[PDB]
Amino acid sequence: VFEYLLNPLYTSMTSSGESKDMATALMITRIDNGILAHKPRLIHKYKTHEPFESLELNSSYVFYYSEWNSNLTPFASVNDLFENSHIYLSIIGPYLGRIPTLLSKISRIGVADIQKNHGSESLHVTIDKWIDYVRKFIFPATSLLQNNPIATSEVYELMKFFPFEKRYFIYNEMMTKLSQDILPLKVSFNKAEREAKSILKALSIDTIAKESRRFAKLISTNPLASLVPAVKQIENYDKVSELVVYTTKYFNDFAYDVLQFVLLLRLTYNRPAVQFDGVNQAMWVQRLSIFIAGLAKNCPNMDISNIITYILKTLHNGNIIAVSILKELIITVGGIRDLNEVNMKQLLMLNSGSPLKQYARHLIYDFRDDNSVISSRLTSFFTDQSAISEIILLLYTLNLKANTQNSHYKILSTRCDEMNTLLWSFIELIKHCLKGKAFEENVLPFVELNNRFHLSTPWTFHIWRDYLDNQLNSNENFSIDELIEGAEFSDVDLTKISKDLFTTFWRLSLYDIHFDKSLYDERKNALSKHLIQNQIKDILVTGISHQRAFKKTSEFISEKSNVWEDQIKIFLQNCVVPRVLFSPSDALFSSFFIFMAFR
Amino acid sequence: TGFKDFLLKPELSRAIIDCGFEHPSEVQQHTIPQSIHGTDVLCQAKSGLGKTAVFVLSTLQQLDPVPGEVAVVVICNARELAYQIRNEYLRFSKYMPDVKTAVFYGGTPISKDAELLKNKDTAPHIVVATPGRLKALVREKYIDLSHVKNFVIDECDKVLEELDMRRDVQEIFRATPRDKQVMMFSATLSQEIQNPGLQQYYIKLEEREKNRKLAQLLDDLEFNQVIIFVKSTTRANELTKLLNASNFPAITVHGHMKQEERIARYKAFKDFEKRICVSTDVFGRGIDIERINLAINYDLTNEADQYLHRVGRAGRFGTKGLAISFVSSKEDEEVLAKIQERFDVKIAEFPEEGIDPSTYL
Amino acid sequence: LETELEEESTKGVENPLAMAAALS
Amino acid sequence: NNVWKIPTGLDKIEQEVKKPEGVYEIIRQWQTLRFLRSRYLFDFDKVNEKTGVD
Amino acid sequence: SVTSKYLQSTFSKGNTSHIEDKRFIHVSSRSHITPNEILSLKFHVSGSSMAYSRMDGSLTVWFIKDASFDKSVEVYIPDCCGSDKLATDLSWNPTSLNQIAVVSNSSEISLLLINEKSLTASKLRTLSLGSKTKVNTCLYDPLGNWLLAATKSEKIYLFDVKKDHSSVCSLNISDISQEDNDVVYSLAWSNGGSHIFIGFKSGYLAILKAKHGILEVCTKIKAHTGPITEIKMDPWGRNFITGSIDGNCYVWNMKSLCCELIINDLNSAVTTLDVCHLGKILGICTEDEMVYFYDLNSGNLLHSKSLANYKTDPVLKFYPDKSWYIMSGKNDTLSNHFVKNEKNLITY
């Protein structure tokens with residue numbers, strides 16, 4: 001009776017009347033005497049006592065008492081829909097779910113009503129009012145459904161218009177206060193939970209073909225009470241994590257939002273972070289972080305923005321879960337392997353022309369090149385709300401506070417070094433994904449970095465040397481000591497040292513100070529389809545450019561050496577010892593520049 | 001990357017690193033540094049401590065690949081062990097493309113082995129084999145060992161105690177250059193054979209309630225994998241048929257069955273393909289499975305040592321686990337009483353209300 | 001009906017799949 | 001709500017450090033050395049596995 | 001329960017005949033090989049002709065005149081539409097009694113009029129479009145008023161069949177989808193050419209208006225969470241059935257466009273589906289090599305079977321003028337089904 005009451009209001013919006021003219025039957029066609037002939041199908045009408053119409057294969061049945069709808073008047077305006085919801089729906093109660101079609105109709109009415117006045121100034125009024133309505137009448141109903149994804153898809157298609165704070169309010173209230181203290185909701189939640197655990201006990205590498213579909217249906221229909229057992233089971237078991245990340249490919253946006261919700265729930269639940277024994281971190285942080293990284297890697301419609309706001313926020317207080325999630329995100333999605341163990345030949349190839357570098361990286365088991373698209377997506381998540389500079393400064397100034405703690409040295413050294421490597425790897429990712437003008441736009445330019453925050457000079461140059469070399473080489477208009485002008489260079493004590501030597505040391509690199517020319521030939525000879533695109537477009541063009549660069553740099557160093565114990569002391573003090581203690585390439589480069597630059 | 005302290009080839013280092021090896025055992029660090037120089041080695045160690053890896057890394061170090069030249073010959077006792085040694089050579093030679101490995105054992109046409117030996121695409125520098133088949137190849141000049149530099153004999157005790165095996169290995173040894181590297185490896189070298197956290201519980205009940213009880217336990221306990229110990233093959237196969245009928249994926253392994261299917265199902269369950277496995281005491285010793293977290297002793301054994309061997313399949317390398325046993329007769333309680341006196345362990349009676357799941361994970 | 005429903009909800013009932021459908 | 005009440009901004013990460021100069025009265029020596037590695041490196045022979053010789 | 005007994009009888013010892021084609025006698029000779037395929041199979045409207053195209057390139061057409069294909073002539077023809085190129089889709093042109101449209105994943109649509117006196121299939125006309133355009137699906141408005149040709153991306157063409165196939169209109173797929181790299185998977189016409197139903201790969205479903213020859217986007221609903229495999233329409237014109245690869249099969253009400261009935265016993269992907277000419281029984285061919293027969297009105301399973309690893313990719317089609325259905329057999333061989341004494345369900 002309610003659906004008949006509401007139908008004419010529903011057709012007036014979400015206009016289907018213009019599309020009503022497509023419910024017709026195929027004409028019976030027959031070939032007689034060698035010509036086509038069309039006829040209509042013939043049916044007859046019977047009257048029965050059953051209320052719902054039907055059509056049993058030749059004839060149509062109808063309810064006999066054809067004026068039962070005489071005493072009722074359909075709605076004329078959504079306001080009447082509210083006024084009569086308060087009577088019929090407050091009676092039907094949580095059982096509205098027994099008829100899915102009503103959910104769809106009311107939700108589409110809501111969507112069209114919100115879309116009708118996108119321009120007007122009073123939109124927030126209608127948004128608040130529909131928020132209250134969906135909170136009180138529809139969401140408890142949709143919590144009752146049984147393996148029926150599309151209805152929840154519709155309700156969420158309406159919910160998409162709210163601030164996410166409100167969606168979290170509704171979800172959490174439904175979880176805490178309305179699951180208990182209401183009977184049919186409690187029954188449905190308990191049934192769904194028991195069924196979810198029953199399925200979770202039977203996930204295998206061999207039975208995934210059907211268990212994945214069943215789990216997808218069950219999670220998509222009634223997520224926020226069937227997800228928590230799954231979240232715990234992957235919180236402390238090994239392979240269920242990979243299995244779940246495999247089966248996320250199937251559920252709709254509602255499951256996605258609820259999944260992100262319960263992830264924040266578990267990440268914020270009150271419990272200890274460090275292991276009971278000592279300073280070792282607990283055994284769930286790692287598996288949860290692996291899960292989150294797998295999510296960011298595989299399913300690309302996940303929208304983990306709020307988790308990244310969690311990171312950017314809770315790093316301020318030094319939460320270990322933030323650092324861990326960041327490490328696993330960088331290493332799994334981005335593909336940025338560290339430089340702890342590198343043979344001298346690989347270390348050499350790792351800074352050369354493009355193809356030699358690519359071969360070196362693929363040899364060191366690094367896959368940053370093949371992951372360009374998803375790395376760009378993640379850095380786009382980071383780009384919004386301008387988290388880049390805040391995160392770099394946070395990581396840096398956090399490692400210092402880690403240096404000033406008190407513990408056993410055997411853990412202090414390892415912690416400090418681990419933070420250092422994490423920062424280095426993050427900056428490698430940032431330089432890989434943000435190029436051109438976007439870099440200079442969202443990476444906090446040099447002089448502020450070095451004068452306001454007092455970063456140590458090696459990190460400053462480690463960020464800016466590539467961009468400075470690029471702006472110097474092509475656009476020969478500007479010159480060094482101008483594009484880096486104004487820097488205070490605080491710990492340097494530029495007295496009693498030629499700033500020419502300073503900037504000539506830190507500006508350069510290894511690629512522009514050493515030409516082997518043997519590795520190029522080795523690669524060219526071992527590479528001899530179209531012959532691999534003609535030896536990768538005659539890789540040797542990069543070697544030619546490399547020769548030109550070597551020649552220009554050596555020409556520079558000639559006049560510079562024509563130009564230049566106190567200096568011999570301060571040079572070691574502030575120029576080669578700080579440079580060597582960095583990653584290996586800085587050490588090799590300090591070695592090479594010690595020679596070929598002096599008498 | 002402890003093997004990086006070994007100062008070996010980088011591609012070999014990557015092939016070891018992708019094999020999960022991170023810290024060498026005692027026997028590896030004690031033997032590989034000296035075997036790399038080409039000295040003969042005679043090794044005795046406890047089984048399963050990575051004795052194959054020693055000489056595998058050694059021969060992958062000392063080899064300089066020469067086309068069509070066989071320098072490395074390994075002789076074993078079985079065909080499946082030969083397959084395992086060639087698989088080890090393959091997982092060790094991932095980053096070595098020029099080197100080629102081959103395996104020789106009975107049951108295959110000798111002409112196919114010959115033609116693959118003549119093929120340049122399959123001309124092997126490393127050959128693992130059974131002594132009889134490789135003897136039949138050398139004596140027919142199907143393979144040339146005039147340039148062999150490395151001779152490995154695994155399980156050398158059985159190689160030298162059996163007369164046919166020692167004669168075959170000596171015929172292979174006399175056809176090799178005398179100035180070669182020689183290595184023998186075995187877990188058992190008697191004196192007679194060139195300058196060489198676990199939780200323990202029990203259920204005392206009657207037989208006719210077992211089938212429903214597990215159907216409850218296997219329903220409530222949170223588990224990765226479950227193993228079911230039985231005393232007979234018929235009861236085990238029946239319980240597996242019923243469990244698979246119970247929407248519970250389960251496998252069965254025991255005697256009275258062809259070895260092929262035993263290896264097949266053993267390997268299958270090792271790979272996390274199903275979550276329930278049932279076996280008699282055939283796997284009472286030697287088995288190594290990590291993910292088993294919950295064990296159900298359907299029928300107790302006769303002696304305490306067999307029960308401890310059973311429970312050893314859980315809590316591998318000092319990890320956490322849960323064990324629960326069935327008691328249905330007098331000798332069951334007898335062995336239950338004897339295990340505590342020998343092993344100093346209180347096997348309490350399993351409470352009805354269940355145990356905290358975190359007490360075993 | 002209320003009591004039976006609440007009990008069958010909170011406690012739940014084990015659906016016998018192969019329970020007691022054999023012996024030995 | 002709590003973890004979303006934390007203030008985030010460029011003005012808060014400044015946390016200015018301590019100047020290299022350290023006044024004069026096995027972890028404390030480690031920290032003081034890490035901090036003094038930049039300013040007065042060549043005055044390091046005096047350490048010799050003992051208290052910082054000032 | 002009459003329908004269940006009818007289907008059981010249709011699966012009996014007799015009441016079944018092997019369609020004797022080239023592949024059938026080939027298997028008979030080589031068995032008493034790698035199965036090529038059946039790319040597509042589509043009846044004539046009047047229920048008195050059949051056509052299909054294997055992967056070898058040869059398209060067979062039968063002129064049904066008997067139940068067990070006794071007196072049914074067969075115009076076998078070699079690899080039409082070029083020697084290198086093979087057919088992928090065909091439409092039977094409800095206007096006349098002989099014309100056929102065939103597409104071969106190329107920029108050429110071939111219109112051939114099949115003759116029954118001889119065995120000659122004579123090319124009547126060829127239609128061409130942009131050189132890069134690679135269309136692979138053709139369709140006919142069930143009144144023979146419009147023709148549709150679709151690409152795997154970025155082209156949709158509609159011709160007016162009345163005025164000598166004058167190119168009426170076109171549309172870029174990126175205007176319909178508005179998502180990341182969508183590829184149209186299945187198309188279907190409404191009963192009486194008024195609207196075109198399109199199922200993309202990303203999950204969306206779109207309804208285009210094609211009233212007076214000018215395409216336009218009416219609506220788009222996020223139907224499924226995986227690629228949509230098939231889209232069928234009820235012959236009475238009250239609901240349209242959607243089957244996906246995520247394991248769901250829904251039936252949408254036509255007047256209101258909202259889900260009304262769901263098939264829930266399914267636990268695998270759907271490769272095809274079909275509904276009888278009476279709009280009563282719904283046949284689902286899932287991906288685990290199994291067929292199901294459901295009841296449209298109630299939604300409960302009424303018959304199951306098992307392909308048993310014979311001809312992995314199956315095909316199902318219900319006659320447009322009788323309650324019989326052609327179903328694949330063991331090795332890419334067709335297998336008719338009937339009862340031999342019941343032309344329609346009502347007679348039963």
# chains A, B, ... in the order shown; residues from 1 in each chain; ligands from 1
>>> interface_residues(of="chain C", to="chain B", cutoff="7 Å", atoms="only C-alpha atoms", output="mmCIF file with N, CA, C and O atoms, in the first residue's frame")
data_model
loop_
_atom_site.group_PDB
_atom_site.id
_atom_site.type_symbol
_atom_site.label_atom_id
_atom_site.label_comp_id
_atom_site.auth_asym_id
_atom_site.auth_seq_id
_atom_site.Cartn_x
_atom_site.Cartn_y
_atom_site.Cartn_z
ATOM 1 N N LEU C 17 25.806 -31.199 9.595
ATOM 2 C CA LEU C 17 26.141 -31.543 8.219
ATOM 3 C C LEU C 17 26.390 -33.040 8.099
ATOM 4 O O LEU C 17 25.699 -33.732 7.346
ATOM 5 N N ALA C 18 27.377 -33.544 8.836
ATOM 6 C CA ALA C 18 27.631 -34.978 8.887
ATOM 7 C C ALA C 18 27.612 -35.468 10.327
ATOM 8 O O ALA C 18 28.158 -36.532 10.636
ATOM 9 N N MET C 19 26.988 -34.697 11.212
ATOM 10 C CA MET C 19 26.968 -35.049 12.625
ATOM 11 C C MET C 19 26.112 -36.285 12.860
ATOM 12 O O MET C 19 24.956 -36.351 12.433
ATOM 13 N N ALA C 20 26.702 -37.275 13.533
ATOM 14 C CA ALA C 20 26.005 -38.492 13.947
ATOM 15 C C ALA C 20 25.440 -39.268 12.760
ATOM 16 O O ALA C 20 24.438 -39.975 12.887
ATOM 17 N N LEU C 23 29.448 -44.027 12.458
ATOM 18 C CA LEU C 23 30.244 -44.416 13.616
ATOM 19 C C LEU C 23 31.396 -45.293 13.147
ATOM 20 O O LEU C 23 31.345 -45.901 12.074
ATOM 21 N N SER C 24 32.442 -45.350 13.970
ATOM 22 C CA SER C 24 33.630 -46.156 13.691
ATOM 23 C C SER C 24 34.245 -45.807 12.340
ATOM 24 O O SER C 24 34.078 -46.538 11.364
#
>>> residues_around(residues="region 173-185 of chain B", least_positions_apart="5", cutoff="8 Å", atoms="only C-alpha atoms", output="PyMOL selection string")
chain B and resi 38-44+51+55+138+145-156+194
>>> write_last_selection(atoms="N, CA, C and O atoms", output="PDB file, in the first residue's frame")
ATOM      1  N   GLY B  38      88.575 -25.844  -3.590  1.00  0.00           N
ATOM      2  CA  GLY B  38      88.712 -27.081  -4.331  1.00  0.00           C
ATOM      3  C   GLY B  38      89.172 -28.275  -3.529  1.00  0.00           C
ATOM      4  O   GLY B  38      89.559 -29.288  -4.126  1.00  0.00           O
ATOM      5  N   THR B  39      89.143 -28.194  -2.205  1.00  0.00           N
ATOM      6  CA  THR B  39      89.603 -29.289  -1.364  1.00  0.00           C
ATOM      7  C   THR B  39      88.502 -30.325  -1.181  1.00  0.00           C
ATOM      8  O   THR B  39      87.315 -29.993  -1.146  1.00  0.00           O
ATOM      9  N   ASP B  40      88.908 -31.590  -1.071  1.00  0.00           N
ATOM     10  CA  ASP B  40      87.962 -32.653  -0.771  1.00  0.00           C
ATOM     11  C   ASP B  40      87.301 -32.400   0.578  1.00  0.00           C
ATOM     12  O   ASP B  40      87.896 -31.814   1.488  1.00  0.00           O
ATOM     13  N   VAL B  41      86.052 -32.839   0.705  1.00  0.00           N
ATOM     14  CA  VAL B  41      85.278 -32.646   1.927  1.00  0.00           C
ATOM     15  C   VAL B  41      84.518 -33.927   2.234  1.00  0.00           C
ATOM     16  O   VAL B  41      83.970 -34.559   1.327  1.00  0.00           O
ATOM     17  N   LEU B  42      84.515 -34.326   3.508  1.00  0.00           N
ATOM     18  CA  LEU B  42      83.722 -35.449   4.003  1.00  0.00           C
ATOM     19  C   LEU B  42      82.869 -34.930   5.155  1.00  0.00           C
ATOM     20  O   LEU B  42      83.396 -34.624   6.229  1.00  0.00           O
ATOM     21  N   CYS B  43      81.559 -34.826   4.940  1.00  0.00           N
ATOM     22  CA  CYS B  43      80.688 -34.131   5.878  1.00  0.00           C
ATOM     23  C   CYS B  43      79.661 -35.064   6.509  1.00  0.00           C
ATOM     24  O   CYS B  43      78.994 -35.847   5.819  1.00  0.00           O
ATOM     25  N   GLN B  44      79.549 -34.950   7.835  1.00  0.00           N
ATOM     26  CA  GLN B  44      78.517 -35.587   8.643  1.00  0.00           C
ATOM     27  C   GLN B  44      77.781 -34.507   9.419  1.00  0.00           C
ATOM     28  O   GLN B  44      78.410 -33.707  10.119  1.00  0.00           O
ATOM     29  N   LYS B  51      72.561 -29.446   4.160  1.00  0.00           N
ATOM     30  CA  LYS B  51      73.799 -30.053   3.689  1.00  0.00           C
ATOM     31  C   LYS B  51      73.943 -29.985   2.175  1.00  0.00           C
ATOM     32  O   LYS B  51      75.071 -29.948   1.673  1.00  0.00           O
ATOM     33  N   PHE B  55      77.571 -27.924  -0.855  1.00  0.00           N
ATOM     34  CA  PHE B  55      78.218 -28.270  -2.113  1.00  0.00           C
ATOM     35  C   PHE B  55      77.533 -27.638  -3.311  1.00  0.00           C
ATOM     36  O   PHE B  55      78.196 -27.419  -4.324  1.00  0.00           O
ATOM     37  N   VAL B 138      78.191 -43.946 -19.223  1.00  0.00           N
ATOM     38  CA  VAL B 138      79.634 -43.824 -19.441  1.00  0.00           C
ATOM     39  C   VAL B 138      80.183 -45.060 -20.140  1.00  0.00           C
ATOM     40  O   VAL B 138      80.985 -44.954 -21.075  1.00  0.00           O
ATOM     41  N   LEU B 145      83.237 -37.913 -19.423  1.00  0.00           N
ATOM     42  CA  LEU B 145      83.711 -37.399 -18.143  1.00  0.00           C
ATOM     43  C   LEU B 145      85.226 -37.225 -18.125  1.00  0.00           C
ATOM     44  O   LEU B 145      85.860 -37.364 -17.075  1.00  0.00           O
ATOM     45  N   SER B 146      85.821 -36.925 -19.277  1.00  0.00           N
ATOM     46  CA  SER B 146      87.261 -36.724 -19.374  1.00  0.00           C
ATOM     47  C   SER B 146      87.709 -35.359 -18.867  1.00  0.00           C
ATOM     48  O   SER B 146      88.914 -35.080 -18.869  1.00  0.00           O
ATOM     49  N   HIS B 147      86.779 -34.505 -18.430  1.00  0.00           N
ATOM     50  CA  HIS B 147      87.117 -33.172 -17.948  1.00  0.00           C
ATOM     51  C   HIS B 147      86.459 -32.849 -16.611  1.00  0.00           C
ATOM     52  O   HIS B 147      86.362 -31.671 -16.251  1.00  0.00           O
ATOM     53  N   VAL B 148      86.019 -33.863 -15.865  1.00  0.00           N
ATOM     54  CA  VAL B 148      85.294 -33.640 -14.620  1.00  0.00           C
ATOM     55  C   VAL B 148      86.210 -32.997 -13.588  1.00  0.00           C
ATOM     56  O   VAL B 148      87.309 -33.494 -13.310  1.00  0.00           O
ATOM     57  N   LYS B 149      85.754 -31.882 -13.012  1.00  0.00           N
ATOM     58  CA  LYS B 149      86.471 -31.200 -11.944  1.00  0.00           C
ATOM     59  C   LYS B 149      85.829 -31.353 -10.572  1.00  0.00           C
ATOM     60  O   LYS B 149      86.512 -31.134  -9.568  1.00  0.00           O
ATOM     61  N   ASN B 150      84.548 -31.711 -10.503  1.00  0.00           N
ATOM     62  CA  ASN B 150      83.820 -31.768  -9.240  1.00  0.00           C
ATOM     63  C   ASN B 150      83.010 -33.053  -9.180  1.00  0.00           C
ATOM     64  O   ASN B 150      82.214 -33.335 -10.084  1.00  0.00           O
ATOM     65  N   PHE B 151      83.208 -33.823  -8.112  1.00  0.00           N
ATOM     66  CA  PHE B 151      82.531 -35.097  -7.909  1.00  0.00           C
ATOM     67  C   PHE B 151      81.908 -35.109  -6.520  1.00  0.00           C
ATOM     68  O   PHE B 151      82.627 -35.184  -5.516  1.00  0.00           O
ATOM     69  N   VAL B 152      80.579 -35.060  -6.470  1.00  0.00           N
ATOM     70  CA  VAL B 152      79.821 -35.042  -5.227  1.00  0.00           C
ATOM     71  C   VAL B 152      79.077 -36.362  -5.085  1.00  0.00           C
ATOM     72  O   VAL B 152      78.487 -36.853  -6.055  1.00  0.00           O
ATOM     73  N   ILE B 153      79.095 -36.922  -3.879  1.00  0.00           N
ATOM     74  CA  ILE B 153      78.374 -38.148  -3.549  1.00  0.00           C
ATOM     75  C   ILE B 153      77.520 -37.850  -2.328  1.00  0.00           C
ATOM     76  O   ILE B 153      78.052 -37.689  -1.220  1.00  0.00           O
ATOM     77  N   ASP B 154      76.201 -37.787  -2.507  1.00  0.00           N
ATOM     78  CA  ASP B 154      75.355 -37.568  -1.341  1.00  0.00           C
ATOM     79  C   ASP B 154      74.856 -38.898  -0.788  1.00  0.00           C
ATOM     80  O   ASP B 154      74.567 -39.837  -1.536  1.00  0.00           O
ATOM     81  N   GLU B 155      74.762 -38.962   0.541  1.00  0.00           N
ATOM     82  CA  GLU B 155      74.452 -40.194   1.271  1.00  0.00           C
ATOM     83  C   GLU B 155      75.488 -41.272   0.951  1.00  0.00           C
ATOM     84  O   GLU B 155      75.162 -42.396   0.561  1.00  0.00           O
ATOM     85  N   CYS B 156      76.761 -40.904   1.122  1.00  0.00           N
ATOM     86  CA  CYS B 156      77.867 -41.751   0.684  1.00  0.00           C
ATOM     87  C   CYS B 156      77.932 -43.066   1.449  1.00  0.00           C
ATOM     88  O   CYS B 156      78.492 -44.045   0.945  1.00  0.00           O
ATOM     89  N   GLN B 194      91.673 -36.721  -1.319  1.00  0.00           N
ATOM     90  CA  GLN B 194      93.040 -36.252  -1.123  1.00  0.00           C
ATOM     91  C   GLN B 194      93.116 -35.150  -0.062  1.00  0.00           C
ATOM     92  O   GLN B 194      92.780 -33.992  -0.310  1.00  0.00           O
TER      93      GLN B 194
END
>>> closest_atom_pairs(of="chain A", to="chain D", cutoff="9 Å", atoms="only C-alpha atoms", output="tab-separated table")
residue	atom	partner	partner_atom	distance
A:268	CA	D:3	CA	8.3
A:309	CA	D:4	CA	8.7
A:310	CA	D:3	CA	7.6
A:312	CA	D:8	CA	7.7
A:313	CA	D:8	CA	6.1
A:314	CA	D:3	CA	6.9
A:316	CA	D:8	CA	7.7
A:389	CA	D:10	CA	8.2
A:390	CA	D:10	CA	6.2
A:393	CA	D:13	CA	6.7
A:394	CA	D:13	CA	6.4
A:397	CA	D:13	CA	7.8
A:400	CA	D:17	CA	8.9
A:403	CA	D:31	CA	7.4
A:404	CA	D:31	CA	7.1
A:406	CA	D:27	CA	7.7
A:407	CA	D:27	CA	8.3
A:408	CA	D:27	CA	8.2
A:409	CA	D:27	CA	7.0
A:452	CA	D:14	CA	7.9
A:453	CA	D:14	CA	6.0
A:454	CA	D:16	CA	7.9
A:491	CA	D:39	CA	7.2
A:492	CA	D:39	CA	8.5
A:569	CA	D:42	CA	8.1
A:573	CA	D:41	CA	6.4
A:574	CA	D:38	CA	6.7
A:577	CA	D:38	CA	8.8
A:578	CA	D:38	CA	7.7
>>> residues_around(residues="residue 54 (chain D)", least_positions_apart="4", cutoff="9 Å", atoms="only C-alpha atoms", output="VMD selection string")
chain D and resid 24 to 25 46
>>> write_last_selection(atoms="N, CA and C atoms", output="mmCIF file, in the first residue's frame")
data_model
loop_
_atom_site.group_PDB
_atom_site.id
_atom_site.type_symbol
_atom_site.label_atom_id
_atom_site.label_comp_id
_atom_site.auth_asym_id
_atom_site.auth_seq_id
_atom_site.Cartn_x
_atom_site.Cartn_y
_atom_site.Cartn_z
ATOM 1 N N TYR D 24 80.710 23.204 28.751
ATOM 2 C CA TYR D 24 81.532 22.216 29.499
ATOM 3 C C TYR D 24 81.298 22.380 31.005
ATOM 4 N N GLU D 25 80.988 21.281 31.705
ATOM 5 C CA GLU D 25 80.785 21.321 33.179
ATOM 6 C C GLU D 25 81.974 22.030 33.829
ATOM 7 N N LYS D 46 91.218 13.721 21.706
ATOM 8 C CA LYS D 46 91.170 13.730 23.163
ATOM 9 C C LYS D 46 90.162 12.730 23.718
#
>>> select_by_dssp(residues="region 124-259 of chain B", states="strand (DSSP E or B)", output="ChimeraX atom specification")
/B:126-129,150-154,181-186,198-204,225-229,250-253
>>> write_last_selection(atoms="C-alpha atoms", output="PDB file, in the first residue's frame")
ATOM      1  CA  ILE B 126      76.122 -30.155 -14.045  1.00  0.00           C
ATOM      2  CA  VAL B 127      74.748 -33.708 -13.949  1.00  0.00           C
ATOM      3  CA  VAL B 128      72.973 -35.249 -10.955  1.00  0.00           C
ATOM      4  CA  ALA B 129      72.233 -38.929 -11.270  1.00  0.00           C
ATOM      5  CA  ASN B 150      83.820 -31.768  -9.240  1.00  0.00           C
ATOM      6  CA  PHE B 151      82.531 -35.097  -7.909  1.00  0.00           C
ATOM      7  CA  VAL B 152      79.821 -35.042  -5.227  1.00  0.00           C
ATOM      8  CA  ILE B 153      78.374 -38.148  -3.549  1.00  0.00           C
ATOM      9  CA  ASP B 154      75.355 -37.568  -1.341  1.00  0.00           C
ATOM     10  CA  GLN B 181      87.547 -31.921  -6.337  1.00  0.00           C
ATOM     11  CA  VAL B 182      85.917 -34.705  -4.302  1.00  0.00           C
ATOM     12  CA  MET B 183      83.081 -34.387  -1.785  1.00  0.00           C
ATOM     13  CA  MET B 184      81.075 -36.916   0.232  1.00  0.00           C
ATOM     14  CA  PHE B 185      78.070 -35.991   2.355  1.00  0.00           C
ATOM     15  CA  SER B 186      75.918 -38.073   4.675  1.00  0.00           C
ATOM     16  CA  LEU B 198      53.239 -25.478  23.142  1.00  0.00           C
ATOM     17  CA  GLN B 199      49.863 -25.972  24.834  1.00  0.00           C
ATOM     18  CA  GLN B 200      48.822 -29.508  25.814  1.00  0.00           C
ATOM     19  CA  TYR B 201      45.277 -30.667  26.594  1.00  0.00           C
ATOM     20  CA  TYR B 202      43.226 -33.869  26.458  1.00  0.00           C
ATOM     21  CA  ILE B 203      39.636 -35.105  26.190  1.00  0.00           C
ATOM     22  CA  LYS B 204      38.504 -38.104  28.245  1.00  0.00           C
ATOM     23  CA  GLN B 225      45.597 -25.783   9.552  1.00  0.00           C
ATOM     24  CA  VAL B 226      44.571 -28.935  11.410  1.00  0.00           C
ATOM     25  CA  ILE B 227      46.184 -32.384  11.507  1.00  0.00           C
ATOM     26  CA  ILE B 228      44.372 -35.546  12.618  1.00  0.00           C
ATOM     27  CA  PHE B 229      46.397 -38.446  14.025  1.00  0.00           C
ATOM     28  CA  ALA B 250      40.524 -32.611   3.995  1.00  0.00           C
ATOM     29  CA  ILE B 251      43.250 -34.905   2.679  1.00  0.00           C
ATOM     30  CA  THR B 252      44.476 -38.297   3.895  1.00  0.00           C
ATOM     31  CA  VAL B 253      47.937 -39.886   3.883  1.00  0.00           C
TER      32      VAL B 253
END
>>> atom_distance(atom1="CA of residue 183 (chain A)", atom2="CA of residue 6 (chain C)")
7.1 Å
>>> interface_residues(of="chain A", to="chain E", cutoff="8 Å", atoms="only C-alpha atoms", output="PyMOL selection string")
chain A and resi 16+19-20+22-26+29-31+36+54+56-58+101+104-105+147-148+150-151+209-210+213-214+250-252
>>> interface_residues(of="chain B", to="chain A", cutoff="8 Å", atoms="only C-alpha atoms", output="number ranges by chain")
B: 10, 219, 222-224, 248-249, 272-275
>>> interface_residues(of="chain C", to="chain A", cutoff="8 Å", atoms="only C-alpha atoms", output="VMD selection string")
chain C and resid 5 to 6 9 to 10
>>> select_by_dssp(residues="region 457-567 of chain A", states="helix (DSSP H, G or I)", output="ChimeraX atom specification")
/A:457-473,499-507,518-526,530-538,540-563,566-567
